[PDB]
Amino acid sequence: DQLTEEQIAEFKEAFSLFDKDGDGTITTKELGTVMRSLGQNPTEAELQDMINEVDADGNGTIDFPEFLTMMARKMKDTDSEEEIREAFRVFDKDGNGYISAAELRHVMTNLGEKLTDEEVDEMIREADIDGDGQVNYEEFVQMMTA
Amino acid sequence: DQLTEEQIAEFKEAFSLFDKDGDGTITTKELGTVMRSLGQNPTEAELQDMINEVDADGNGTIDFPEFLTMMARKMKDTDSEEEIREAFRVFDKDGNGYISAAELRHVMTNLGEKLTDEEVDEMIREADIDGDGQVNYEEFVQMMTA
Amino acid sequence: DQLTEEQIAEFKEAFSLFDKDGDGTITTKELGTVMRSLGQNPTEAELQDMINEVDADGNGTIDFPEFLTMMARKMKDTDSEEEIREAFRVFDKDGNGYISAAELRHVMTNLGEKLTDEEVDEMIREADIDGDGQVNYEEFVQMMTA
Amino acid sequence: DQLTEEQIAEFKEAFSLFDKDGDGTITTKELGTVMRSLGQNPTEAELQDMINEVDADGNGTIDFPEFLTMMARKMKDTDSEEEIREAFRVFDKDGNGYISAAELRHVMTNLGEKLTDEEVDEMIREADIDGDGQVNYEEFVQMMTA
Amino acid sequence: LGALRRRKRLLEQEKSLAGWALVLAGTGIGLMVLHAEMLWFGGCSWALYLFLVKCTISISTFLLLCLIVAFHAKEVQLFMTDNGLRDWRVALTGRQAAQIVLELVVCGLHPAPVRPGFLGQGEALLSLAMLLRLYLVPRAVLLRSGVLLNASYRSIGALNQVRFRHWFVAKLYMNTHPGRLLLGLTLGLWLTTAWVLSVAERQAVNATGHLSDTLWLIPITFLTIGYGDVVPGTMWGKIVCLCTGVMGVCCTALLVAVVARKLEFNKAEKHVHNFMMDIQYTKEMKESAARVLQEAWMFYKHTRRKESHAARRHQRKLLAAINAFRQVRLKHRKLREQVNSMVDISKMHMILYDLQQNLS
Amino acid sequence: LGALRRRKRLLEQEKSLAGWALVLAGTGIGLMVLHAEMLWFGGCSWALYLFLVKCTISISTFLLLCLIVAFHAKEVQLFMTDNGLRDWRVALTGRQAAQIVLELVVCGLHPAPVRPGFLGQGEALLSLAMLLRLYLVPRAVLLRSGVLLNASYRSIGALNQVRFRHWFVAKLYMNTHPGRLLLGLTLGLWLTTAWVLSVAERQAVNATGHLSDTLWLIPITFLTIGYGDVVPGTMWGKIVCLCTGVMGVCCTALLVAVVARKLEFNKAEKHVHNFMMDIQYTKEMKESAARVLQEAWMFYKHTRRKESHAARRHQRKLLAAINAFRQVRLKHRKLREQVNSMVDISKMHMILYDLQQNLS
Amino acid sequence: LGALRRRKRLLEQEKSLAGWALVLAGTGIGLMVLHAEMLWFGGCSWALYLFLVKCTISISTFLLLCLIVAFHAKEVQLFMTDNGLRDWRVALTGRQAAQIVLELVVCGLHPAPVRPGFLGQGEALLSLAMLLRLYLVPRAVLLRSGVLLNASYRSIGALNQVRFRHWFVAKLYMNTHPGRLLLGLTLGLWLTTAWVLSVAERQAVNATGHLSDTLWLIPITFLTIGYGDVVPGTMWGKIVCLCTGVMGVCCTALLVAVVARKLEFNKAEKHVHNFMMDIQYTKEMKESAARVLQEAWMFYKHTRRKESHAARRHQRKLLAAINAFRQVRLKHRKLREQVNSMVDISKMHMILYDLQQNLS
Amino acid sequence: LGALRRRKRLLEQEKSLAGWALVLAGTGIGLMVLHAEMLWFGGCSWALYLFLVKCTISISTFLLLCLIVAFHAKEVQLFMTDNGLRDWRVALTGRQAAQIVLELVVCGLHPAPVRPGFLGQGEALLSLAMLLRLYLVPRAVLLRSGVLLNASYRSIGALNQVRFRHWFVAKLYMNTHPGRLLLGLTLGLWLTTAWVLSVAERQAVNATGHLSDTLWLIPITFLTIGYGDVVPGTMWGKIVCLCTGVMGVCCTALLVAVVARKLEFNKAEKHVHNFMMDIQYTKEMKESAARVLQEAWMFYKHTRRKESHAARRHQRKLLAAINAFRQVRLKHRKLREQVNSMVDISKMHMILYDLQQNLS
Ligand SMILES: [Ca+2]
Ligand SMILES: [Ca+2]
Ligand SMILES: [Ca+2]
Ligand SMILES: [Ca+2]
Ligand SMILES: [Ca+2]
Ligand SMILES: [Ca+2]
Ligand SMILES: [Ca+2]
Ligand SMILES: [Ca+2]
Ligand SMILES: [Ca+2]
Ligand SMILES: [Ca+2]
Ligand SMILES: [Ca+2]
Ligand SMILES: [Ca+2]
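Chains as they are written, first to last, in the entry's author numbering: chain G, 2 to 147; chain F, 2 to 147; chain E, 2 to 147; chain H, 2 to 147; chain D, 9 to 123, 142 to 386; chain C, 9 to 123, 142 to 386; chain A, 9 to 123, 142 to 386; chain B, 9 to 123, 142 to 386.
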């Protein structure tokens, strides 16, 4: 690809720090071993959830081309993807996977500076391009990247 | 009631800090969760005992009108109710729920300054307005509020 | 007895600090409770052994007249009884309850300054007034108090 | 032997610090007791492995003539035996008990300064005096002491 | 409930009257500092201004006299409210009224007006008597902070029986802003103390005790240097030149820990640094061990060649490589022992997880 | 029992004789200080008073001479009682009698009377020889404290084998009153040491070494300032001006930790502060995240309007809100990590409860 | 990927331009220091050299003016790259461009050329204005350290959310080389600060404020000694003589902990020392207990002989041996209690092993 | 075995030659100090003695020249023995022989003899060159301590891989005698350093730089006082007056922790003190609660009597008793919380016992 060979090589040992066994891939137990070695204790569910955060093919195992896309978000300073995502996670108070208009009125009307509900209705109307009556995460991501 | 709306509102979030689930009330397990989060470990019996300290209706669950009466004692500096109550708890060496005249002679005659038993007999005679031969807690509370 | 009434009284609360229940005596479990409250963990065997150190009647329970004799050794600075006793405990390397002449030759000939064995034989001969061929603890105590 | 009697005596108490029971020898459990007393926790397998490091007769128990040969390596400053041995242990990345030419090319060609493989082939050819196709530990020890 | 809304009303009144009192105390300080400037730099031909300033300070402290009365009367009214009193003579406690009348006297202190161009005797110390009213500042710090007013705090504190007081608010502002408090203390001292010493000593003919001498004297006594270029002459100057070094020792001794706190890693950072040093030292052991074999085979090559001087040169470097390798291995083992000790409480909580899994 | 009631009788006698001894030592100090005042301020026409004061000090130290004998004889009698001796020559141990005779010599020190209005040579140092008897103070501190006398202490200490001594009583009074001990030390030094230096140096003609010079010199040497306005001239003044700075370093170094102890929270207060900061930062995250959407929909509104300069203004503030939100989220995560680390020993004891529930 | 290889290219460009900038700043400092030497030691007959040096410093700071522009423009280009901008007016943030233009002004500072052999007024402070550019040093410390560049660091730090910043690199170099950093600070101060004070004060006739006076003055103010042999006369000298003592307190207060860290044992060494003291005190108890019996049988021998004076001599030494034996036994018991407390976390992990064996 | 008995023989030889070397170095120091005394106090009529002293110092350092050779040659022989060498050119390593020849030069330093009664120029610094040989002292501290020789130490240290070195022996003597080391350092500095400064500066006519001036100057610079009564004039005196304050900061900073260590309780003492305060506060709560009822029934008595002024007097004291009771109860609860926190690791080990009882 576009990456130079020296840079390919220096990312290879960083990948090797994940594939400690040299299995050709990254597994769940290997990653949890690293997590424990760095002083934090997730569950298998939390590890699996962070896999689901990162697993593009849908295998549960990670390879080097996925790993490059992974570190592409991490090498920069501000993961603007992650910042929008976790702010969305703040919004879903019910864990629905959605932002309802009731959650929207709970947040923006009282807290903030007095945005009118009819303007919030126009916001929700331009917002639900999926027409879901509410905001998805895909709708939210496309919405913030609109 | 007599409370102003802003003050009603600011006590509402304080009540919300107890009803973390928004159940409409306060339960035992919710309160014990708070107790553990603040770094102290009661038993279920101790939690239930502090409920019995505070439960006016007799439900085992606490609502906001009980909570106002609760914080009415706590918002001031010196809980003179609590100070008389725990001093009474010091007195009941046997755990009888009473102060006997033997406990009274154990406390006041030798320790303190030499109050005569016939004056202590007149004290116990004016004291037992219930005529129990001894001091209750209700007799003690009415006695100190006499 | 010879003790004055004020001193009798001040030893009474010290005795009360052992009889925390007011059982009229001192038991094993009460004493172990005190031992744990002061930050040391003996066994039941160690507690029983210290009872056997102190139990004059042979009951396993301690009363106030035994307690006076107990504190009579402890109120002074140097428990010369205890100092001879534990030095004897150093000597019994085999745990026999005795000092043999072999243990004596192991200690005094090489370590120390060169006491001759025939003088050590005269020492052991004047020492075994019980004629046990070796030193008891009673023989040792009478020997040091000779 | 060549050792003087005073030096024999002073090594005898050092040996006595291992034979805490005076069994006439050194056992596994005695040594593990010392290891725990010094603040490190090996396994029985690790203890047995360090026995296999030191056991010349092949008994599993250690006596004083083995102990002299033991301390002969330890009394000096730099255990040049141990330094070659653990450096060999670094080399056996597969745990084979050998150094293969692939491990040799993994180490010396890239890391270090560019030693040519035909010279490395002559090195391996002069090296395998056992003719094993690879390096043993005995071959390695004789090789470094060549 | 009726004594509770009333309680909050009276407490808000108390906060507002603490605000007005702090403003009028700072105004009296501003009056005294500029009066002390204008008497020296004005001379003896601007006496009308000094007269009007003295009347201004008199009315200015009369107002603070009314304000302290208004404060503590409301405090007494609170105390009666909390216990349901009616007889105001009863709640007026002895130590309580003693502190109140003592505060009346201490804030009764002012440069009172007395009247060929120079000072009298008492009116300099009476001018000094203003800055003995600086005790009202933590009172306003307490009341303007709404943590006493905010109810959820009081709820939790009553649950854990912790008693919100001055010591609480001090530690609150201390451990919420550790830099700002220390900076606002030292930077408030470093010049103002010297202005006070300039009040304390004055020479008329030579002008050798005014601002430009004490503004150099007091930071030097504060930092425990003590040159000796300027030295206090009176005894009252000697007292201030003791208190200055006292406060300097205090600020130095508080600054040293503030420096030391920010130096160590986060708990999370320590694992990261140790894990990086692990993979560094692993590669470095591979480096040193490669140097070992590299020199070993060269010495063995010149051995087979029987090259005498080459072997004599090589075997020294061989032993040097051995000496380096030993120290590298020892550093790696020390760090690995640190790792197995850095998984002390970590493995404790890991087996707390495994102990829930032992309860399961 | 008979040697035990006798023991308590003798110990009470010893406490009373320690009281009388402390009183008579303080009286001798009071005699010497006023004698040193009256010789300078009286001149050479009040010699009758100085004669009578010297006879008073002689009898006053004769009494202390009898008292130390009476003390240590009872101590020996205690020691014989504890072991059942009868031959008093035996218990009189070598180091023991050495300390006793050494104390006889040290309290044998006094300004003995010798006889155009000025001093002799030795009688100034002999006047200085009084304050070398200040070692009797911790003896009276020991005996007047009844913790040695109270039996329950001795019972528990014999159970835990802790040996009540001077080091025990010192730590007792230290950690029961941490402020008072340090205050009573420094405030006892700060003036009295300077009085002693005024004894050490005297000039007759110029009067340049008396009280008003050393009372300024010794707090300056104590606080390690060292101006140089007054400097000791003799060698004996130079010794005191070393000991002064030594004690100043000591008091500074003890004061710094006394300051540092009271600063940190209670263990209970830490949970309360952290729980309050939790619900503060939760609402603040709701605030910042609201600012995010508020600016986001406005930028998207001007995007749909294609307002160029409004979008150019808005998107900067958008990214600024993002930057603020990231730091707020990081502070919240750091504090939550502190929470999960503040439930280290807390969850340990919680699972100690659950481990009794695992034993159940 | 395309913005990532570009990112590394731009970052390498930034490191190289930080190298050139540090070189040209040190060169400007070297120009100013030798210009200040040659104006004093050259006199007024070498004005051609001073003219050419002033032109050299002007071009030398013109280059740094171009370099800071080139640096922060690339930083802006990075920031646009990270978010995909195109309009460069948008990313030019207000606080950001404020810091940039502030840095333009601060590095716009230089001794500009103005023109019977002595100085003007402003051109001394303008010469002083060079050493206010020392803030570029930690920037080059950041960028020349490749830990920001090395990717595995960034991977692990993103896993543990630790945010590599200046505070990280500072603690990195601090706790990887604790001695070298403190040495390079103090040894960089101790002479250079005094050279700056020599710039700050100059006397023409007497030559009483040049290098050989301030090179003695500033280490004395630094170490808080303050003799008074040399004293600053101007006010600008008085400011530097405050900052000097500030930095001296700082270096002293950092040096004291660096001394204190290396003093305590390793965790492993403590077990070894304690185990050695165990077998020492065991043999010593055997020694003292042997002395007990040795004196006991001799006293009993002279008892059977009824030797009066020999028994009177012996029984004292008997009791002395008892007194020694008690203290030895107490030390052994204290150390054994330390052992049972030194197997606190040790027995914790031992029963963590036994708790895996309880899970087994 | 044959290289091991030989090893111990050579090591004993090395210890003996370290003893002789320390003796001959102290003798050279004693020669130089008395030579410096006798040149000043003798004048210019005792030149024969100075000649013979210079020849004595020359032979005295010739012997140390032979001794360092004899030492390091045996060290090399040890190093060859440990690895089985024969070619002595090989073991003579570059850094090793560099240190050896550097030590040859440093101990090649001596006041060499050169020849109306006063000094030359170089022979004062050459006289100063003796005390640069004080580095041999920790060598003799190492070798005369037999812990390197005693084998059981080496056995255990090889088991735990701890490497007996100078840092080990230093911490050994430090934490086995914490007072004695600090005392032997400071008391070795406080006078000897000043003698060296008296060598460094000498005035011939006025006699204003000899012993009686520097013996006062250097403890004042050491304690960071800095009067200014005596000030060094030369530059070499200025260097020593920096090093003095450095060592003073060092000794102060080591003394402060030595003071702080002995202050806190034993772990056992803490339980005892807390248990005593428990039964004290229990009785005190009984006291305060008795005062409550005692005043309560009196107020109720005067209530039934309707005594107005008696009730007005009583109810104030009632509320005061309530206020006292609340604070007493809070202290008791805080101490009980300390108890339940003082049974943190105590209950941990108790349930370690109960966890063996859970394994049983
Ligand atoms: Ca893998
Ligand atoms: Ca995948
Ligand atoms: Ca939702
Ligand atoms: Ca609820
Ligand atoms: Ca209810
Ligand atoms: Ca009762
Ligand atoms: Ca009982
Ligand atoms: Ca019994
Ligand atoms: Ca036996
Ligand atoms: Ca054995
Ligand atoms: Ca064997
Ligand atoms: Ca292999």
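From the three backbone atoms N, C-alpha and C, an ideal C-beta is built for every residue, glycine too.
Legend: CB atoms of the segment 38-63 of chain E lying less than 7 angstroms from CB atoms of chain B belong to residues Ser-38, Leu-39, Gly-40, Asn-42. In this structure, DSSP gives F:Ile-85 a helical state, which the three-state scheme calls helix. In the DSSP assignment, A:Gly-210 falls within the alpha helix (DSSP H) that extends over 204-226. A distance below 7 angstroms between beta-carbons, with the five flanking residues on each side excluded, links A:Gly-146 to the following residues of its chain, in chain order: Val-122. The beta carbon of A:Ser-367 sits no closer than 8 angstroms to any beta carbon of chain H. Under the three-state reduction of DSSP output, G:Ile-100 falls in the strand class. In this structure the segment 346-358 of chain C touches the segment 300-311 of chain C; the number of beta carbon pairs closer than 8 angstroms is three or more. For chain A, the residues of the segment 7-26 of chain H that bring a beta carbon within less than 8 angstroms of one of its beta carbons are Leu-18, in chain order. Contact between B:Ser-181 and H:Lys-75 holds, since their C-beta atoms are separated by about 7 angstroms, short of 8 angstroms. For B:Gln-187, the C-beta contacts it makes with chain D under 8 angstroms involve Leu-356, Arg-359, in order along the chain. B:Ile-108 sits in a helix when the DSSP states are folded into three classes.
Using a Cβ-Cβ cut-off of 8 angstroms, F:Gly-33 does not count as an interface residue toward chain B, since no Cβ of chain B sits closer than that to its own. The Cβ atoms of B:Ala-78 and B:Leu-175 do not sit closer than 8 angstroms to each other.
At a threshold of 7 angstroms, H:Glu-31 does not count as near ligand 11, since its beta carbon sits no closer than that to any of the ligand's heavy atoms. At a cut-off of 8 angstroms between beta-carbon atoms, B:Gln-107 makes no contact with chain D. In chain order, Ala-102 place their CB closer than 6 angstroms to the CB of F:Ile-125, counting only its own chain and leaving out the 5 sequence neighbours on each side. Of all residues in the segment 108-128 of chain E, those with a C-beta nearer than 8 angstroms to a C-beta of chain A are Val-108, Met-109, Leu-112, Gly-113, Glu-114, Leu-116, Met-124, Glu-127, reading in chain order.
Straight-line measurement puts the Cα of G:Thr-26 at about 13 angstroms from the Cα of G:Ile-52. Rounded to the nearest angstrom, the gap between the Cα atoms of C:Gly-274 and C:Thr-202 is 24 angstroms. When secondary structure is reduced to three states using DSSP, G:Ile-130 falls in the coil class, being assigned neither helix nor strand. At the C-beta level, A:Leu-237 and A:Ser-224 come within 8 angstroms of one another.
Using a CB distance cut-off of 8 angstroms, B:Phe-301 counts as an interface residue toward chain E.
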